[PDB]
Every structure is written in structure tokens, then in C-alpha cells.
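What follows is the content of model06.tsv, which has TSV, N, CA and C atoms:
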chain	number	residue	atom	x	y	z
A	1	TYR	N	-4.16	28.09	-14.36
A	1	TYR	CA	-4.90	29.29	-14.02
A	1	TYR	C	-3.99	30.28	-13.31
A	2	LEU	N	-2.94	29.75	-12.66
A	2	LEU	CA	-2.16	30.48	-11.67
A	2	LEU	C	-1.02	31.26	-12.32
A	3	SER	N	-1.08	31.48	-13.63
A	3	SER	CA	0.09	32.00	-14.33
A	3	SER	C	-0.06	33.48	-14.67
A	4	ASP	N	-1.30	33.96	-14.73
A	4	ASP	CA	-1.61	35.30	-15.22
A	4	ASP	C	-2.22	36.15	-14.11
A	5	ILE	N	-2.45	35.52	-12.95
A	5	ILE	CA	-2.98	36.21	-11.79
A	5	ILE	C	-1.85	36.45	-10.79
A	6	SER	N	-0.63	36.62	-11.32
A	6	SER	CA	0.58	36.60	-10.51
A	6	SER	C	1.06	38.02	-10.21
A	7	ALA	N	1.50	38.22	-8.96
A	7	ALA	CA	1.99	39.50	-8.47
A	7	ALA	C	3.03	39.25	-7.37
A	8	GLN	N	3.93	40.23	-7.19
A	8	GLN	CA	5.02	40.14	-6.24
A	8	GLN	C	4.94	41.32	-5.26
A	9	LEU	N	5.43	41.09	-4.04
A	9	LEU	CA	5.46	42.10	-2.98
A	9	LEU	C	6.32	43.28	-3.43
A	10	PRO	N	5.83	44.54	-3.32
A	10	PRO	CA	6.67	45.72	-3.58
A	10	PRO	C	7.91	45.69	-2.69
A	11	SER	N	8.95	46.42	-3.11
A	11	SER	CA	10.28	46.34	-2.53
A	11	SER	C	10.42	47.21	-1.28
A	12	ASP	N	9.39	48.00	-0.97
A	12	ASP	CA	9.45	48.92	0.16
A	12	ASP	C	8.95	48.23	1.43
A	13	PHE	N	8.15	47.17	1.24
A	13	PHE	CA	7.54	46.44	2.35
A	13	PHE	C	8.38	45.22	2.70
A	14	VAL	N	9.70	45.33	2.52
A	14	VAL	CA	10.62	44.26	2.87
A	14	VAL	C	11.27	44.58	4.22
A	15	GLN	N	11.80	45.80	4.35
A	15	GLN	CA	12.47	46.25	5.56
A	15	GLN	C	11.62	45.93	6.79
A	16	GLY	N	10.29	45.95	6.62
A	16	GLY	CA	9.35	45.57	7.67
A	16	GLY	C	9.44	44.09	8.00
A	17	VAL	N	9.06	43.25	7.04
A	17	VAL	CA	8.96	41.81	7.24
A	17	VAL	C	10.27	41.27	7.83
A	18	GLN	N	11.41	41.87	7.45
A	18	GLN	CA	12.71	41.39	7.89
A	18	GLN	C	13.15	42.08	9.18
A	19	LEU	N	12.21	42.27	10.11
A	19	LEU	CA	12.48	42.87	11.40
A	19	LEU	C	11.65	42.14	12.45
A	20	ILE	N	10.73	41.30	11.95
A	20	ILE	CA	9.68	40.71	12.76
A	20	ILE	C	9.74	39.19	12.61
A	21	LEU	N	10.29	38.72	11.48
A	21	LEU	CA	10.28	37.31	11.13
A	21	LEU	C	11.21	36.53	12.04
A	22	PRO	N	10.73	35.45	12.72
A	22	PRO	CA	11.60	34.54	13.46
A	22	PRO	C	12.38	33.65	12.50
A	23	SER	N	13.02	32.61	13.05
A	23	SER	CA	13.84	31.70	12.27
A	23	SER	C	13.03	30.48	11.83
A	24	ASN	N	11.98	30.15	12.60
A	24	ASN	CA	11.19	28.95	12.37
A	24	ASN	C	9.94	29.27	11.56
A	25	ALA	N	9.85	30.51	11.04
A	25	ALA	CA	8.67	31.00	10.35
A	25	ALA	C	8.47	30.26	9.02
A	26	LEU	N	9.38	30.49	8.07
A	26	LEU	CA	9.30	29.87	6.75
A	26	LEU	C	9.39	28.35	6.86
A	27	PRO	N	10.35	27.75	7.62
A	27	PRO	CA	10.34	26.30	7.87
A	27	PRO	C	8.99	25.70	8.26
A	28	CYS	N	8.19	26.43	9.06
A	28	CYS	CA	6.87	25.98	9.49
A	28	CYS	C	5.90	25.93	8.31
A	29	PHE	N	5.92	26.99	7.48
A	29	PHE	CA	5.04	27.10	6.33
A	29	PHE	C	5.21	25.89	5.42
A	30	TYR	N	6.47	25.52	5.16
A	30	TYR	CA	6.78	24.39	4.30
A	30	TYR	C	6.17	23.10	4.85
A	31	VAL	N	6.15	22.93	6.18
A	31	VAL	CA	5.54	21.76	6.80
A	31	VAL	C	4.06	21.70	6.44
A	32	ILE	N	3.36	22.85	6.51
A	32	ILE	CA	1.93	22.91	6.25
A	32	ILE	C	1.65	22.52	4.80
A	33	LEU	N	2.69	22.52	3.96
A	33	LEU	CA	2.53	22.20	2.55
A	33	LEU	C	2.94	20.76	2.26
A	34	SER	N	3.66	20.15	3.21
A	34	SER	CA	4.13	18.78	3.03
A	34	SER	C	3.13	17.80	3.64
A	35	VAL	N	2.45	18.24	4.71
A	35	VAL	CA	1.40	17.48	5.35
A	35	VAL	C	0.24	17.29	4.37
A	36	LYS	N	0.05	18.27	3.47
A	36	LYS	CA	-1.04	18.21	2.50
A	36	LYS	C	-0.78	17.08	1.50
A	37	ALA	N	0.38	17.13	0.84
A	37	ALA	CA	0.84	16.14	-0.13
A	37	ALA	C	0.68	14.72	0.42
A	38	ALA	N	1.23	14.46	1.61
A	38	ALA	CA	1.20	13.16	2.27
A	38	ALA	C	-0.21	12.58	2.31
A	39	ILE	N	-1.20	13.42	2.66
A	39	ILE	CA	-2.58	12.99	2.83
A	39	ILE	C	-3.21	12.63	1.48
A	40	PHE	N	-2.73	13.25	0.39
A	40	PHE	CA	-3.21	12.98	-0.96
A	40	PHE	C	-2.70	11.62	-1.46
A	41	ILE	N	-1.49	11.22	-1.04
A	41	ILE	CA	-0.97	9.92	-1.44
A	41	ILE	C	-1.66	8.82	-0.64
A	42	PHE	N	-1.91	9.07	0.65
A	42	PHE	CA	-2.65	8.15	1.51
A	42	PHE	C	-4.03	7.87	0.93
A	43	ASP	N	-4.71	8.92	0.45
A	43	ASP	CA	-6.08	8.82	-0.04
A	43	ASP	C	-6.17	8.01	-1.33
A	44	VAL	N	-5.25	8.26	-2.28
A	44	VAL	CA	-5.24	7.59	-3.57
A	44	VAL	C	-4.94	6.10	-3.36
A	45	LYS	N	-3.95	5.81	-2.50
A	45	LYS	CA	-3.51	4.44	-2.24
A	45	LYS	C	-4.55	3.65	-1.45
A	46	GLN	N	-5.39	4.34	-0.65
A	46	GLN	CA	-6.45	3.69	0.12
A	46	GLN	C	-7.63	3.29	-0.77
A	47	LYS	N	-7.75	3.92	-1.95
A	47	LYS	CA	-8.86	3.67	-2.86
A	47	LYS	C	-8.49	2.59	-3.89
A	48	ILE	N	-7.20	2.25	-3.99
A	48	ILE	CA	-6.75	1.19	-4.88
A	48	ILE	C	-6.88	-0.17	-4.17
A	49	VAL	N	-6.90	-0.16	-2.83
A	49	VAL	CA	-7.02	-1.36	-2.02
A	49	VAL	C	-8.50	-1.75	-1.89
A	50	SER	N	-9.40	-0.82	-2.25
A	50	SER	CA	-10.84	-1.06	-2.19
A	50	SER	C	-11.35	-1.68	-3.49
A	51	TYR	N	-10.49	-1.73	-4.52
A	51	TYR	CA	-10.83	-2.36	-5.79
A	51	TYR	C	-10.70	-3.88	-5.68
A	52	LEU	N	-10.20	-4.36	-4.53
A	52	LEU	CA	-10.05	-5.78	-4.27
A	52	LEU	C	-11.39	-6.41	-3.90
A	53	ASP	N	-12.45	-5.59	-3.83
A	53	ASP	CA	-13.78	-6.05	-3.48
A	53	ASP	C	-14.70	-6.00	-4.71
A	54	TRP	N	-14.11	-5.70	-5.87
A	54	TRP	CA	-14.82	-5.65	-7.14
A	54	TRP	C	-14.85	-7.03	-7.79
A	55	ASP	N	-13.94	-7.91	-7.36
A	55	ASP	CA	-13.90	-9.31	-7.79
A	55	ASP	C	-14.42	-10.19	-6.65
A	56	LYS	N	-15.75	-10.33	-6.61
A	56	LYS	CA	-16.43	-11.22	-5.67
A	56	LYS	C	-17.70	-11.78	-6.32
B	1	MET	N	-31.10	-57.04	-4.58
B	1	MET	CA	-32.13	-56.46	-5.49
B	1	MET	C	-31.55	-56.39	-6.91
B	2	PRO	N	-31.89	-57.37	-7.78
B	2	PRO	CA	-31.28	-57.51	-9.11
B	2	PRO	C	-31.36	-56.24	-9.95
B	3	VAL	N	-30.23	-55.93	-10.60
B	3	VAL	CA	-30.07	-54.76	-11.46
B	3	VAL	C	-29.29	-55.23	-12.69
B	4	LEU	N	-29.26	-54.40	-13.75
B	4	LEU	CA	-28.47	-54.64	-14.95
B	4	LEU	C	-26.97	-54.53	-14.64
B	5	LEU	N	-26.14	-54.71	-15.68
B	5	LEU	CA	-24.72	-54.99	-15.50
B	5	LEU	C	-23.86	-53.74	-15.43
B	6	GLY	N	-24.46	-52.56	-15.64
B	6	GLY	CA	-23.70	-51.32	-15.72
B	6	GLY	C	-24.23	-50.21	-14.81
B	7	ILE	N	-25.39	-50.45	-14.19
B	7	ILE	CA	-26.05	-49.43	-13.38
B	7	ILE	C	-25.22	-49.13	-12.13
B	8	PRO	N	-24.72	-50.13	-11.35
B	8	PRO	CA	-23.87	-49.85	-10.19
B	8	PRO	C	-22.61	-49.00	-10.40
B	9	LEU	N	-22.15	-48.87	-11.65
B	9	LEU	CA	-20.96	-48.09	-11.96
B	9	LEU	C	-21.33	-46.68	-12.41
B	10	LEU	N	-22.58	-46.48	-12.85
B	10	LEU	CA	-23.10	-45.16	-13.15
B	10	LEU	C	-23.37	-44.43	-11.83
B	11	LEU	N	-23.70	-45.19	-10.78
B	11	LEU	CA	-24.10	-44.63	-9.50
B	11	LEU	C	-22.88	-44.27	-8.66
B	12	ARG	N	-21.75	-44.96	-8.89
B	12	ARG	CA	-20.51	-44.68	-8.20
B	12	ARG	C	-19.79	-43.49	-8.83
B	13	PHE	N	-20.00	-43.29	-10.15
B	13	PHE	CA	-19.35	-42.24	-10.92
B	13	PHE	C	-20.04	-40.89	-10.70
B	14	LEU	N	-21.36	-40.91	-10.44
B	14	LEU	CA	-22.14	-39.70	-10.26
B	14	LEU	C	-21.88	-39.08	-8.88
B	15	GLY	N	-21.04	-39.74	-8.07
B	15	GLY	CA	-20.64	-39.25	-6.76
B	15	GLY	C	-19.13	-39.08	-6.66
B	16	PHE	N	-18.44	-39.23	-7.80
B	16	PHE	CA	-17.02	-38.95	-7.92
B	16	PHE	C	-16.87	-37.53	-8.46
B	17	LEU	N	-17.72	-37.21	-9.44
B	17	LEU	CA	-17.76	-35.88	-10.04
B	17	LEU	C	-18.18	-34.86	-8.99
B	18	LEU	N	-19.16	-35.24	-8.16
B	18	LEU	CA	-19.71	-34.35	-7.14
B	18	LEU	C	-18.66	-34.02	-6.08
B	19	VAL	N	-17.88	-35.03	-5.65
B	19	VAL	CA	-16.85	-34.80	-4.64
B	19	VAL	C	-15.68	-34.03	-5.24
B	20	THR	N	-15.39	-34.23	-6.53
B	20	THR	CA	-14.31	-33.49	-7.18
B	20	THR	C	-14.68	-32.02	-7.33
B	21	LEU	N	-15.93	-31.75	-7.73
B	21	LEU	CA	-16.39	-30.39	-7.99
B	21	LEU	C	-16.59	-29.62	-6.68
B	22	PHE	N	-17.07	-30.32	-5.64
B	22	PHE	CA	-17.24	-29.75	-4.31
B	22	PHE	C	-15.87	-29.56	-3.65
B	23	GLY	N	-14.85	-30.20	-4.23
B	23	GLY	CA	-13.47	-30.06	-3.79
B	23	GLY	C	-12.83	-28.77	-4.31
B	24	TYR	N	-13.27	-28.33	-5.50
B	24	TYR	CA	-12.74	-27.13	-6.14
B	24	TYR	C	-13.30	-25.89	-5.46
B	25	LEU	N	-14.59	-25.95	-5.08
B	25	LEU	CA	-15.27	-24.84	-4.43
B	25	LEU	C	-14.59	-24.49	-3.11
B	26	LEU	N	-14.08	-25.52	-2.41
B	26	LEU	CA	-13.35	-25.35	-1.16
B	26	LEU	C	-12.05	-24.58	-1.42
B	27	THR	N	-11.28	-25.02	-2.43
B	27	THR	CA	-10.00	-24.42	-2.78
B	27	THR	C	-10.16	-22.92	-3.05
B	28	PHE	N	-11.25	-22.55	-3.73
B	28	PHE	CA	-11.47	-21.17	-4.14
B	28	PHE	C	-11.96	-20.32	-2.97
B	29	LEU	N	-12.73	-20.93	-2.05
B	29	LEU	CA	-13.18	-20.25	-0.85
B	29	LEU	C	-11.97	-19.76	-0.06
B	30	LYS	N	-11.02	-20.68	0.19
B	30	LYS	CA	-9.85	-20.42	1.01
B	30	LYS	C	-9.00	-19.30	0.41
B	31	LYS	N	-9.00	-19.19	-0.93
B	31	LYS	CA	-8.22	-18.17	-1.63
B	31	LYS	C	-8.77	-16.78	-1.34
B	32	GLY	N	-10.11	-16.66	-1.37
B	32	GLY	CA	-10.82	-15.41	-1.15
B	32	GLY	C	-10.75	-14.91	0.29
B	33	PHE	N	-10.47	-15.82	1.24
B	33	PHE	CA	-10.26	-15.42	2.62
B	33	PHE	C	-8.83	-14.94	2.83
B	34	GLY	N	-7.98	-15.16	1.81
B	34	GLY	CA	-6.59	-14.74	1.81
B	34	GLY	C	-6.43	-13.32	1.27
B	35	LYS	N	-7.42	-12.89	0.47
B	35	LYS	CA	-7.50	-11.55	-0.08
B	35	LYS	C	-7.85	-10.56	1.03
B	36	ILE	N	-8.74	-10.97	1.94
B	36	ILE	CA	-9.17	-10.12	3.05
B	36	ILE	C	-8.07	-10.06	4.11
B	37	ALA	N	-7.09	-10.96	4.02
B	37	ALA	CA	-5.92	-10.90	4.90
B	37	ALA	C	-4.91	-9.89	4.35
B	38	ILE	N	-4.71	-9.90	3.02
B	38	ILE	CA	-3.80	-8.99	2.34
B	38	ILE	C	-4.31	-7.55	2.49
B	39	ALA	N	-5.62	-7.37	2.27
B	39	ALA	CA	-6.29	-6.07	2.32
B	39	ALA	C	-6.13	-5.40	3.68
B	40	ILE	N	-6.45	-6.13	4.77
B	40	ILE	CA	-6.37	-5.60	6.13
B	40	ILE	C	-4.92	-5.17	6.40
B	41	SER	N	-3.98	-6.08	6.13
B	41	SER	CA	-2.56	-5.83	6.30
B	41	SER	C	-2.18	-4.50	5.66
B	42	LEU	N	-2.54	-4.32	4.38
B	42	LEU	CA	-2.18	-3.14	3.60
B	42	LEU	C	-2.61	-1.86	4.32
B	43	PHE	N	-3.89	-1.82	4.73
B	43	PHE	CA	-4.52	-0.65	5.32
B	43	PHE	C	-3.76	-0.20	6.57
B	44	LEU	N	-3.56	-1.16	7.49
B	44	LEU	CA	-2.89	-0.90	8.75
B	44	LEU	C	-1.42	-0.56	8.52
B	45	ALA	N	-0.87	-0.94	7.36
B	45	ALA	CA	0.53	-0.63	7.11
B	45	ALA	C	0.68	0.80	6.59
B	46	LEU	N	-0.36	1.31	5.92
B	46	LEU	CA	-0.35	2.66	5.39
B	46	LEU	C	-0.55	3.68	6.52
B	47	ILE	N	-1.28	3.27	7.57
B	47	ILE	CA	-1.52	4.11	8.73
B	47	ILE	C	-0.22	4.24	9.53
B	48	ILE	N	0.40	3.10	9.86
B	48	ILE	CA	1.63	3.07	10.64
B	48	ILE	C	2.73	3.84	9.90
B	49	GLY	N	2.63	3.89	8.56
B	49	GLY	CA	3.59	4.56	7.70
B	49	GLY	C	3.49	6.08	7.76
B	50	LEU	N	2.26	6.61	7.69
B	50	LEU	CA	2.01	8.04	7.75
B	50	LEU	C	2.48	8.60	9.09
B	51	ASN	N	2.24	7.85	10.17
B	51	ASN	CA	2.63	8.25	11.51
B	51	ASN	C	4.11	8.63	11.53
B	52	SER	N	4.95	7.81	10.88
B	52	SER	CA	6.39	7.94	10.96
B	52	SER	C	6.89	9.18	10.23
B	53	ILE	N	6.14	9.61	9.20
B	53	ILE	CA	6.48	10.81	8.45
B	53	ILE	C	6.12	12.03	9.30
B	54	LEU	N	4.88	12.07	9.79
B	54	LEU	CA	4.33	13.25	10.44
B	54	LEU	C	5.09	13.58	11.73
B	55	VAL	N	5.48	12.55	12.49
B	55	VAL	CA	6.15	12.73	13.77
B	55	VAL	C	7.62	13.11	13.55
B	56	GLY	N	8.02	13.26	12.28
B	56	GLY	CA	9.40	13.52	11.91
B	56	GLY	C	9.59	14.93	11.35
Can you give me the file's structure in the form of C-alpha cells?
Amino acid sequence: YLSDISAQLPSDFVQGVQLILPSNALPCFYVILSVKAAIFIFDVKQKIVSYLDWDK
Amino acid sequence: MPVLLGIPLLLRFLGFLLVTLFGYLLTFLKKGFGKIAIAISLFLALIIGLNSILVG
């Protein structure tokens, strides 16, 4: 779905962002995206251990 | 108390099968209590695992 609803920041609104941005800004964002993934693997793996109660 | 010549051996055999079969039920019980040991272990290991990623 995400292929045709795509747009990029105009080139005039760069000089702004690159005057305010700290160093830990983008690094932080990536963390918020890695914490998500981790929780999805935990969830899938926790539901495969519950299939051990189907043989009783 | 007089009996025929084969009855005492039918009565000893009908309690050999019972002890053998009641012996198998025990073996299988113990196995199923080993599944709930594996299961618990797994769960607590996935929790301790996530901790180490997030705190890093």
C-alpha cells in the first residue's frame, strides 16, 4: 500500500531542520523502531510454546 | 476349597496384565509432567532474553 502514497520533503525546508537537530535525534528514532520488532518476535515465540497444551 | 486344575493360573494372570498396564500409565504420567517443566523454562528464558536486548 505504501508505494504510491509516497512523498519527500521539499528542498527549502532543510536549512531549518539542520539548525535544530541534536546528535541523538535520529539514533533515538531507530530505537523506537527496534523495540517494536523485538516485541513481535517475543509474541510469536510465546504462542508456539502454548501449542504444547494441545496434546493432553 | 477344591477347584479345577487351571483356574488358579487364570487368576494369577489376570493380575499380571493389570500391574503391567497400570505400570505404563505411570510412565506416561511422568512424561507429561516433564512437558510442563520444559514449557515454564522456555517462558522465563524468553523474558530474561528480552531484558538483555532492551537494556542495551
Gap from atom C of residue B:53 to atom N of residue A:44 - Å, one decimal: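 Atom C of residue B:53 sits 16.7 Å away from atom N of residue A:44.
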Show me which bits of chain A are within 8 Å of chain B, counting all atoms listed in the file, as a list in words.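 Close enough to count are residues 35, 38, 42, 46, 49, 50 and 52 of chain A.
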Hey, can you check how far atom CA of residue B:48 sits from atom CA of residue A:28?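 Computing it gives 23.5 Å between the two atoms.
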Correct to one decimal, the distance atom N of residue A:45-atom CA of residue A:26 is 29.0 Å
- Would you please give, as a ChimeraX atom specification, all residues of chain B that DSSP assigns to alpha helix (DSSP H) based on the backbone? /B:7-13,17-54
Could those residues be written to a file, using N, CA and C atoms, as a short mmCIF file (atom, residue, chain, number, x, y, z; two decimals), in the coordinates of the input?
data_model
loop_
_atom_site.label_atom_id
_atom_site.label_comp_id
_atom_site.auth_asym_id
_atom_site.auth_seq_id
_atom_site.Cartn_x
_atom_site.Cartn_y
_atom_site.Cartn_z
N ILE B 7 -25.39 -50.45 -14.19
CA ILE B 7 -26.05 -49.43 -13.38
C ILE B 7 -25.22 -49.13 -12.13
N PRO B 8 -24.72 -50.13 -11.35
CA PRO B 8 -23.87 -49.85 -10.19
C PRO B 8 -22.61 -49.00 -10.40
N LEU B 9 -22.15 -48.87 -11.65
CA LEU B 9 -20.96 -48.09 -11.96
C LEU B 9 -21.33 -46.68 -12.41
N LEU B 10 -22.58 -46.48 -12.85
CA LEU B 10 -23.10 -45.16 -13.15
C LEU B 10 -23.37 -44.43 -11.83
N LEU B 11 -23.70 -45.19 -10.78
CA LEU B 11 -24.10 -44.63 -9.50
C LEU B 11 -22.88 -44.27 -8.66
N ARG B 12 -21.75 -44.96 -8.89
CA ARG B 12 -20.51 -44.68 -8.20
C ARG B 12 -19.79 -43.49 -8.83
N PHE B 13 -20.00 -43.29 -10.15
CA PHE B 13 -19.35 -42.24 -10.92
C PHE B 13 -20.04 -40.89 -10.70
N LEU B 17 -17.72 -37.21 -9.44
CA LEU B 17 -17.76 -35.88 -10.04
C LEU B 17 -18.18 -34.86 -8.99
N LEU B 18 -19.16 -35.24 -8.16
CA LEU B 18 -19.71 -34.35 -7.14
C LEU B 18 -18.66 -34.02 -6.08
N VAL B 19 -17.88 -35.03 -5.65
CA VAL B 19 -16.85 -34.80 -4.64
C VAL B 19 -15.68 -34.03 -5.24
N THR B 20 -15.39 -34.23 -6.53
CA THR B 20 -14.31 -33.49 -7.18
C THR B 20 -14.68 -32.02 -7.33
N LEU B 21 -15.93 -31.75 -7.73
CA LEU B 21 -16.39 -30.39 -7.99
C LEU B 21 -16.59 -29.62 -6.68
N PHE B 22 -17.07 -30.32 -5.64
CA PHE B 22 -17.24 -29.75 -4.31
C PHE B 22 -15.87 -29.56 -3.65
N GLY B 23 -14.85 -30.20 -4.23
CA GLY B 23 -13.47 -30.06 -3.79
C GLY B 23 -12.83 -28.77 -4.31
N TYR B 24 -13.27 -28.33 -5.50
CA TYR B 24 -12.74 -27.13 -6.14
C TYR B 24 -13.30 -25.89 -5.46
N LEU B 25 -14.59 -25.95 -5.08
CA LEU B 25 -15.27 -24.84 -4.43
C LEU B 25 -14.59 -24.49 -3.11
N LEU B 26 -14.08 -25.52 -2.41
CA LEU B 26 -13.35 -25.35 -1.16
C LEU B 26 -12.05 -24.58 -1.42
N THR B 27 -11.28 -25.02 -2.43
CA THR B 27 -10.00 -24.42 -2.78
C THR B 27 -10.16 -22.92 -3.05
N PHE B 28 -11.25 -22.55 -3.73
CA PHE B 28 -11.47 -21.17 -4.14
C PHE B 28 -11.96 -20.32 -2.97
N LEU B 29 -12.73 -20.93 -2.05
CA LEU B 29 -13.18 -20.25 -0.85
C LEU B 29 -11.97 -19.76 -0.06
N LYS B 30 -11.02 -20.68 0.19
CA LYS B 30 -9.85 -20.42 1.01
C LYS B 30 -9.00 -19.30 0.41
N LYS B 31 -9.00 -19.19 -0.93
CA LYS B 31 -8.22 -18.17 -1.63
C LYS B 31 -8.77 -16.78 -1.34
N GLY B 32 -10.11 -16.66 -1.37
CA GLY B 32 -10.82 -15.41 -1.15
C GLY B 32 -10.75 -14.91 0.29
N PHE B 33 -10.47 -15.82 1.24
CA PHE B 33 -10.26 -15.42 2.62
C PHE B 33 -8.83 -14.94 2.83
N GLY B 34 -7.98 -15.16 1.81
CA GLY B 34 -6.59 -14.74 1.81
C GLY B 34 -6.43 -13.32 1.27
N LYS B 35 -7.42 -12.89 0.47
CA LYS B 35 -7.50 -11.55 -0.08
C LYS B 35 -7.85 -10.56 1.03
N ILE B 36 -8.74 -10.97 1.94
CA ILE B 36 -9.17 -10.12 3.05
C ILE B 36 -8.07 -10.06 4.11
N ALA B 37 -7.09 -10.96 4.02
CA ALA B 37 -5.92 -10.90 4.90
C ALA B 37 -4.91 -9.89 4.35
N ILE B 38 -4.71 -9.90 3.02
CA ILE B 38 -3.80 -8.99 2.34
C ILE B 38 -4.31 -7.55 2.49
N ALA B 39 -5.62 -7.37 2.27
CA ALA B 39 -6.29 -6.07 2.32
C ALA B 39 -6.13 -5.40 3.68
N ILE B 40 -6.45 -6.13 4.77
CA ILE B 40 -6.37 -5.60 6.13
C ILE B 40 -4.92 -5.17 6.40
N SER B 41 -3.98 -6.08 6.13
CA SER B 41 -2.56 -5.83 6.30
C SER B 41 -2.18 -4.50 5.66
N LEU B 42 -2.54 -4.32 4.38
CA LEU B 42 -2.18 -3.14 3.60
C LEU B 42 -2.61 -1.86 4.32
N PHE B 43 -3.89 -1.82 4.73
CA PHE B 43 -4.52 -0.65 5.32
C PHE B 43 -3.76 -0.20 6.57
N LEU B 44 -3.56 -1.16 7.49
CA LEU B 44 -2.89 -0.90 8.75
C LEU B 44 -1.42 -0.56 8.52
N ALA B 45 -0.87 -0.94 7.36
CA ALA B 45 0.53 -0.63 7.11
C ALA B 45 0.68 0.80 6.59
N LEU B 46 -0.36 1.31 5.92
CA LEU B 46 -0.35 2.66 5.39
C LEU B 46 -0.55 3.68 6.52
N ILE B 47 -1.28 3.27 7.57
CA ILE B 47 -1.52 4.11 8.73
C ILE B 47 -0.22 4.24 9.53
N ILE B 48 0.40 3.10 9.86
CA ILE B 48 1.63 3.07 10.64
C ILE B 48 2.73 3.84 9.90
N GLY B 49 2.63 3.89 8.56
CA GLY B 49 3.59 4.56 7.70
C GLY B 49 3.49 6.08 7.76
N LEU B 50 2.26 6.61 7.69
CA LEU B 50 2.01 8.04 7.75
C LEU B 50 2.48 8.60 9.09
N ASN B 51 2.24 7.85 10.17
CA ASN B 51 2.63 8.25 11.51
C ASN B 51 4.11 8.63 11.53
N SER B 52 4.95 7.81 10.88
CA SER B 52 6.39 7.94 10.96
C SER B 52 6.89 9.18 10.23
N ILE B 53 6.14 9.61 9.20
CA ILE B 53 6.48 10.81 8.45
C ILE B 53 6.12 12.03 9.30
N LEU B 54 4.88 12.07 9.79
CA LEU B 54 4.33 13.25 10.44
C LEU B 54 5.09 13.58 11.73
#
Coords for stretch 44-56 of chain A, N, CA, C and O atoms, as a compact mmCIF listing (two decimals), in the first residue's frame:
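Heads up, here's the output in out-v7.txt:
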# COMPACT_ATOMS: atom_id res chain seq x y z
N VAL A 44 5.23 -13.99 18.90
CA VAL A 44 5.08 -15.15 18.03
C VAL A 44 5.64 -16.38 18.74
O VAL A 44 5.00 -17.44 18.74
N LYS A 45 6.81 -16.23 19.37
CA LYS A 45 7.50 -17.33 20.04
C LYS A 45 6.77 -17.76 21.31
O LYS A 45 6.89 -18.92 21.70
N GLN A 46 6.02 -16.84 21.95
CA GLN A 46 5.25 -17.16 23.15
C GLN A 46 3.98 -17.95 22.82
O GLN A 46 3.43 -18.60 23.71
N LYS A 47 3.53 -17.89 21.56
CA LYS A 47 2.31 -18.57 21.12
C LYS A 47 2.62 -19.96 20.57
O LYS A 47 1.71 -20.77 20.39
N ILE A 48 3.91 -20.24 20.30
CA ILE A 48 4.32 -21.56 19.83
C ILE A 48 4.54 -22.49 21.02
O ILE A 48 4.44 -23.71 20.88
N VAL A 49 4.79 -21.91 22.21
CA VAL A 49 5.02 -22.66 23.44
C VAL A 49 3.67 -23.02 24.08
O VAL A 49 3.62 -23.87 24.97
N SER A 50 2.59 -22.39 23.60
CA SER A 50 1.25 -22.65 24.11
C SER A 50 0.58 -23.79 23.34
O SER A 50 -0.48 -24.27 23.75
N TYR A 51 1.21 -24.24 22.24
CA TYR A 51 0.72 -25.36 21.47
C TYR A 51 1.10 -26.68 22.14
O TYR A 51 0.68 -27.75 21.69
N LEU A 52 1.89 -26.60 23.22
CA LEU A 52 2.30 -27.77 23.98
C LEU A 52 1.18 -28.25 24.90
O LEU A 52 1.33 -29.26 25.58
N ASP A 53 0.04 -27.53 24.89
CA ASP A 53 -1.11 -27.86 25.72
C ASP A 53 -2.25 -28.39 24.84
O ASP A 53 -3.35 -28.63 25.33
N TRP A 54 -1.96 -28.58 23.55
CA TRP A 54 -2.91 -29.11 22.59
C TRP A 54 -2.87 -30.64 22.58
O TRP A 54 -3.81 -31.29 22.12
N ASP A 55 -1.76 -31.21 23.09
CA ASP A 55 -1.60 -32.64 23.26
C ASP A 55 -1.74 -32.98 24.74
O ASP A 55 -0.75 -33.06 25.47
N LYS A 56 -3.00 -33.16 25.17
CA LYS A 56 -3.33 -33.60 26.52
C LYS A 56 -4.61 -34.45 26.49
O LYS A 56 -5.15 -34.64 25.38
